[PDB]
4 protein chains.
Amino acid sequence: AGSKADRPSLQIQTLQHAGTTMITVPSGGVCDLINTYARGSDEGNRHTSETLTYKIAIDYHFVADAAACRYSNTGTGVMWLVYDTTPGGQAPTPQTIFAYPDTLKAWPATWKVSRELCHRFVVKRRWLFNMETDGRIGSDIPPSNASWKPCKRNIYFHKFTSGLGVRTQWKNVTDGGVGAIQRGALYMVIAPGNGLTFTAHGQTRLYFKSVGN
Amino acid sequence: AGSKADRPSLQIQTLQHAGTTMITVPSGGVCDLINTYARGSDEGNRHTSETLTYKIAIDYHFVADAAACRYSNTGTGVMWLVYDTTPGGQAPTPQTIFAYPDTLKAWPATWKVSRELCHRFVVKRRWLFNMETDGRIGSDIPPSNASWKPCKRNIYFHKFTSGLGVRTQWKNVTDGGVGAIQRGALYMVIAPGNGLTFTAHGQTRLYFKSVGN
Amino acid sequence: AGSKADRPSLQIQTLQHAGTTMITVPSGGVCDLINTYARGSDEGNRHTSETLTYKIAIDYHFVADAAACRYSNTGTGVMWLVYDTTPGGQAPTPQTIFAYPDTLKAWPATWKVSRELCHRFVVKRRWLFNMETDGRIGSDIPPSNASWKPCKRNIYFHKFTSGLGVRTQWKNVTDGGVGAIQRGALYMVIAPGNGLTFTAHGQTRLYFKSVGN
Amino acid sequence: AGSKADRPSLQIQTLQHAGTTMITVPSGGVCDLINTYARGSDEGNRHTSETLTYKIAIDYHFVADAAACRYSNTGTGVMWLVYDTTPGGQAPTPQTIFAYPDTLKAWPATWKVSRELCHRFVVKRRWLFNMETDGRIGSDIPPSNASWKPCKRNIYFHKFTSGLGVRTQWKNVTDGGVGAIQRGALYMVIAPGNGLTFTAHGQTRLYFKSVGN
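Caption draft 1: Local environment of the overall build of chain A. Secondary structure assignment for chain A yields 1 helix and 11 strands. Put simply, chain A runs from its N terminus to its C terminus through helices and strands in the order β-β-β-β-β-α-β-β-β-β-β-β. The C-alpha extent of chain A, read off along each of the three principal axes, is 70 × 40 × 35 Å. Across chain A, every contact between residues at least 6 apart in sequence was considered, and the portion connecting residues at least 24 apart equals 83%. When the accessible surface of chain A is summed, it comes to about 11700 Å², and 54% of that surface belongs to carbon and sulfur atoms. When the 23 basic and 14 acidic side-chain charges of chain A are each reduced to a single mean position, those positions are 7 Å apart.

So, in structure tokens, the structure goes:
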């Protein structure tokens, strides 16, 4: 029950998405890298040129955006955890990672990995969620005559998984940006529901340890 | 199936929250201590300077407050059971126990224990619940034309757990207040949903036995 | 290495001799009882009618008294730890505990237990110490011509012993005075050196546990 | 014969007390922390967030101060090695670490750990020493008529011990001050003799190794 657990404690890294930084997704998703690590004295930074990661836990809040609340429909969203072999010099975008005709852009949940890149990428986890809006903003006061049951306007999403493992190596620099990584990048992708745009709040943690040399 | 059970019966302590005493939570939660014990002849009071606790059961009723019923939205609440090592001379407050930016104050369920105190505190249990309001007070008479289904305006919450155990020692005094405890305090915390305030009714029991000397 | 040690901790009792209370011994010694225990809720008080004691540690400071500093000679002192079977209704005095002619009153260290009481009393420990005075009070300023080496004007005395054990029972009352004890009293006695009077400072601890009933 | 010795060498840290920095103790002792460690590249600084210490050796010179040489008496001093669990935000002082009435302030050697903090502190070593002054400063020329034997005006004190071990963890910063330590602080305390003030010279070494992560 675990993965390569070791009696001494394991290092911790966090991310802060809130306030000024709120992941905001227009239709078509957004690409991002969660594996950023600095190098130096501070704890949580990588001490070596070789890093393995193990366990990851994710917490967030979601909320619909008023911009799309002018309509009433449900939908379905998607969150993937995508592993890379060799990253390009430029940041990927979903349209590049998944070959899809413009018609299917509405419904992401049918997307699957394109065959041309079949050995370049892989997806080690998948998750689903769904949300809907009735066409009413929260701050609006109901009239005294009648009411509403707005179940599941917003949702609380969390997952915890020990299964995965990843091997990463680094070019020699200080920085933690994408350009530094030689191999083993790790991407996170968010896919909105049809014609439904929203922003999210929350934070995540990672677990890893340096090794080698 | 149990924890350190012993053939003779175990002592019992109760708490009464009702009427004049109703836990009432404004946004941002409230700190409290449930482990208070007097010393003396009466049963339920501690006979010694050393106490272990075992099993705990919790029952309550919740109800929304009309003060927040002027709006209609759902939300999510949180109840933690937090264990302490060495209490300060002053009573803690959630903002102190959890480091959180003002932005996240809305959604508690993302809070997690701050790293500075990482070894000073720990959380041995966690629970979730959710509730919502439609913007209508109970005493209001529906008009004869139309009706409502107000499922889950109020909720019945209870849990029973034998798992935990706690070791506590006391300074030498009569009192059962917080200032007496040398080590092993036990806190209970309630986290309201976003912009949703309520009061609760109910009572709880404890189980323990004195030992030592 | 120990006496009837038991995994749970053992109770503690202390005595405070300082300031207003300073044991002060004129020639001929002084009788005292160190075993006083109250009964009640407070820790250190006896919970039962039956008590055993085990380990005892003693610390004090000694200093000569200026009243006797008008002369210059050395001497030798004595400290006994005396155990009793049945105490009388009245407090004993050394002259009663030890039969000695008036001639020997000068040198205590030769005293030994009188034969008439041979089975009524016993001495489970003994200690020696010596001190001397040169005829000069501390606050006095030496003249600029010549000096002194006053080694051992005052002395630091301490002992620690686990050996003894004592069985005591009590009449039924609240008090901790001498009149309460039915059997097993414990006395401490201080014997000054010849024509040498002094006072002492310090404090002591005891170790015991209740048993029975 | 040793403690957790390991074939590769162990790191070394030193302290320099001399010249500008001379520990100087007025009556009532002084609190200090010897465990300070920086973090960085340099040897002797801690490489990690977790440190164990093993063996310690202490050397010093003592000398009486002329300020107190205006009187002639002996006395007795004390040196403790005190271990801490959780340090406060403020530096402790002896009067806080040991509960003592103002009367006993004269003779430290009777002090013992106060009961209120009984589990917060502990003392893993103890040492005694004694010194005295005749009321004559060194630079003073004896008159040609008579002389003096001033044995033990100054003293050479050293100890070496492998027994102890200590577990310490750190908040994440660069600094080596007291505010950084999360748990496991280590204090050194010096207790002067009655009405006898002095300064000391010397230096000490430590032995430890980083571990973890």
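Caption draft 2: Just the interface of chain B and chain D, in detail. Each partner contributes to the interface: chain B provides 5 residues, whereas chain D provides 5 residues. For the pair chain B and chain D, the two sides together bury roughly 490 Å², of which 39% comes from carbon and sulfur. Considering only the surface of chain B that becomes buried against chain D, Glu116, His119 and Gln182 of chain B emerge as the three largest contributors, covering 63% of it. At the junction of chain B and chain D, the tally comes to 0 salt bridges. For the pair chain B and chain D, the number of links is 4 residue pairs in polar contact. Considering only residue class, the side of chain B that touches chain D consists of 1 nonpolar, 3 polar and 1 charged.

Caption draft 3: Representation of the interface of chain B and chain A within the structure. Contacts between the two partners involve 21 residues from chain B, matched on the other side by 22 residues from chain A. Interface area, chain B with chain A, both sides summed: about 2100 Å², of which 58% is carbon and sulfur. The interface formed by chain B and chain A holds 0 salt bridges in total. Our count for the chain B to chain A interface comes out at 4 residue pairs in polar contact.

Caption draft 4: Spatial organisation of the sheet that holds strand β5 (residues 73-84) of chain B. All names here are of chain B. On the basis of which strands lie adjacent, the open sheet formed by 4 strands has the order β3-β10-β5-β6 and antiparallel pairing. Of all the strands in the sheet, just β3 (30-33) and β6 (121-133) have a single pairing partner and so form its edges. Strand-to-strand, the axes of this sheet are offset by a mean angle of 20°, without reference to chain direction. In this sheet, strand β10 (residues 186-191) lies alongside β3 in antiparallel orientation, the contact comprising 4 bridges. Directly across from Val30, in β10, lies its bridge partner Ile190.

Caption draft 5: Expanded view of the relation of the copies chain B and chain A. Here chain B sits on chain A after a turn of 72° about the axis and a move of 0.0 Å along it, with an RMSD of 0.0 Å. Considering both components of the superposition, the chain copies are consistent with a five-fold axis. Here only 14% of the contact residues of chain B are again contact residues in chain A; the copies associate through non-equivalent surfaces.

Caption draft 6: Broad picture of the relation of the copies chain B and chain D. The transform that puts chain B on chain D rotates by 180° and translates by 0.0 Å along the axis, for an RMSD of 0.0 Å. The relationship between the two copies is best expressed as a two-fold rotation axis. Looking at the rotation axis and the C-alpha trace of chain B, the residue lying nearest is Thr86 of chain B, at 4.4 Å. Residue by residue, 100% of the interface of chain B is reproduced at the interface of chain D, so both copies engage with the same surface.

Caption draft 7: Summary view of the side chain of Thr168 of chain B. Residue position: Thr168 of chain B is located in strand β8 (residues 166-170). Beyond its immediate chain neighbours, meaning those up to four positions away, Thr168 of chain B contacts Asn35, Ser49, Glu50, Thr51, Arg183 and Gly184 of chain B.

Caption draft 8: Region of interest: the pairing of β5 of chain B. Residues and elements named next belong to chain B. Burial analysis of β5 places 10 of its 12 residues in the buried class, which makes it a mostly covered element. By the bridge criterion, 12 bridges tie β5 to β6 in an arrangement that is antiparallel. Residue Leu81 lies in a different strand from β6, and its bridge partner there is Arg125.

Caption draft 9: Spatial organisation of the environment of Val30 of chain C. The residue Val30 of chain C is located in strand β3 (residues 30-33) in this model. Separated by 158 residues in the primary sequence, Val30 of chain C and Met188 of chain C have C-alpha atoms spaced 8.5 Å apart.

Caption draft 10: Molecular detail of the sheet that holds strand β5 (residues 73-84) of chain C. Residue and element names in this part refer to chain C. If you trace the 4 strands from one edge of the open sheet to the other, you get β3-β10-β5-β6, paired in antiparallel fashion. Two strands in the sheet have a free side with no partner beyond their single neighbour: β3 and β6 (121-133). Direction aside, the axes of adjacent strands within the sheet are offset by 20° on average.

Caption draft 11: Layout of the packing of aromatic side chains. Applying the stated criterion across every chain yields a total of 32 aromatic pairs over all chains. Ring geometry for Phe62 of chain B versus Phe157 of chain B: centroids 6.1 Å apart, planes at 45°, classification tilted. In this pair, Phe62 of chain B is assigned in strand β4 (residues 50-64) and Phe157 of chain B in strand β7 (residues 155-161), connecting sequence segments 95 residues apart. Given the relative accessible area of 8%, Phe157 of chain B is considered buried. With 4.5 Å between their ring centres and 15° between their planes, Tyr100 of chain D and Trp111 of chain D make a pair best called stacked. Taken together, the positions of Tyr100 of chain D in the loop between α1 (94-97) and β6 (121-133) and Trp111 of chain D in the loop between α1 and β6 put the pair 11 residues apart, joining distant regions of the chain.

Caption draft 12: The pattern of salt bridges, seen in detail. Residues and elements named next belong to chain D. As enumerated under the stated definition, the model contains 16 salt bridges over all chains in all. Among the salt bridges present, the one from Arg153 reaches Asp134, with a minimum N-O distance of 3.6 Å. Here the residue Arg153 occupies a position in the loop between β6 and β7 (155-161), and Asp134 occupies one in the loop between β6 and β7, the gap between them amounting to 19 residues. Take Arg153: its relative accessible area is 23%, and that puts it in the partly exposed class.

Caption draft 13: Fine view of the state of the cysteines. All names here are of chain D. Scanning all chains against the criterion turns up 0 disulfides over all chains. Counting only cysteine sulfurs, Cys31 is the nearest neighbor of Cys118, a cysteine outside any disulfide, at a range of 19 Å. For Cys118, a relative accessible area of 18% corresponds to the buried category.

Caption draft 14: How the structure looks around the environment of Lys55 of chain A. Residue and element names in this part refer to chain A. With respect to the helices, strands and loops of the structure, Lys55 is situated in strand β4 (residues 50-64). The class of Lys55 is partly exposed, set by a relative accessible area of 26%. Separated by 108 residues in sequence, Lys55 and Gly163 place their C-alpha atoms 7.0 Å apart. Among residues more than four places away in sequence, those in contact with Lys55 are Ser3, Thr161, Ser162, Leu206 and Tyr207.

Caption draft 15: Spatial organisation of unusual backbone geometry. The phi angle at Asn213 of chain A is positive, at roughly 55°, despite the residue not being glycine. You can see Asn213 of chain A is positioned in the segment after β11 (198-210). Unlike most non-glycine residues, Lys4 of chain C shows phi in positive territory, near 45°. When you line up the elements, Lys4 of chain C lands in the segment before β1 (11-17).

Caption draft 16: Spatial organisation of the environment of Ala18 of chain D. Residue and element names in this part refer to chain D. Turning to its location among the elements, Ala18 is positioned in the loop between β1 (11-17) and β2 (24-25). For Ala18, a relative accessible area of 33% translates into the label partly exposed. In sequence terms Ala18 and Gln203 are 185 residues apart; their C-alpha atoms lie 8.0 Å from each other.

Parameters and conventions
- Residues numbered from 1 in each chain as written, not as in the entry; some residues may be left out.
- Chains lettered and ligands numbered in written order.
- Part of a larger assembly, values for the part shown.
- Heavy atoms only, no water.
- Helix = DSSP H or I, 4+ residues; strand = E, 2+ residues; numbered from the N terminus.
- Contact = heavy atoms within 4.5 Å.
- Areas by Shrake-Rupley, 256 points an atom, 1.4 Å probe, with all protein chains shown as cover.
- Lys, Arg positive; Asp, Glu negative; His and termini not counted.
- Charge placed at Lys NZ, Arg CZ, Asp CG, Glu CD.
- Buried area = accessible area lost by both parts, 1.4 Å probe.
- Salt bridge = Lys/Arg side-chain N within 4 Å of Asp/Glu carboxyl O.
- Polar contact = N/O pair within 3.5 Å; in protein donor to acceptor, adjacent residues only side chain to side chain.
- Nonpolar A, V, L, I, M, F, W, Y, C, P; charged D, E, K, R; others polar.
- Pairing = 2+ DSSP bridges.
- Axes fitted to C-alpha atoms, helices over the stretch in contact; angles between N-to-C directions.
- Least-squares fit on C-alpha atoms.
- Buried < 20%, exposed > 50% of the residue type's maximum accessible area, 1.4 Å probe, protein only.
- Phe/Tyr/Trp six-rings, centres within 6.5 Å; stacked < 30°, edge-to-face > 60°.
- Disulfide = S-S within 2.5 Å.

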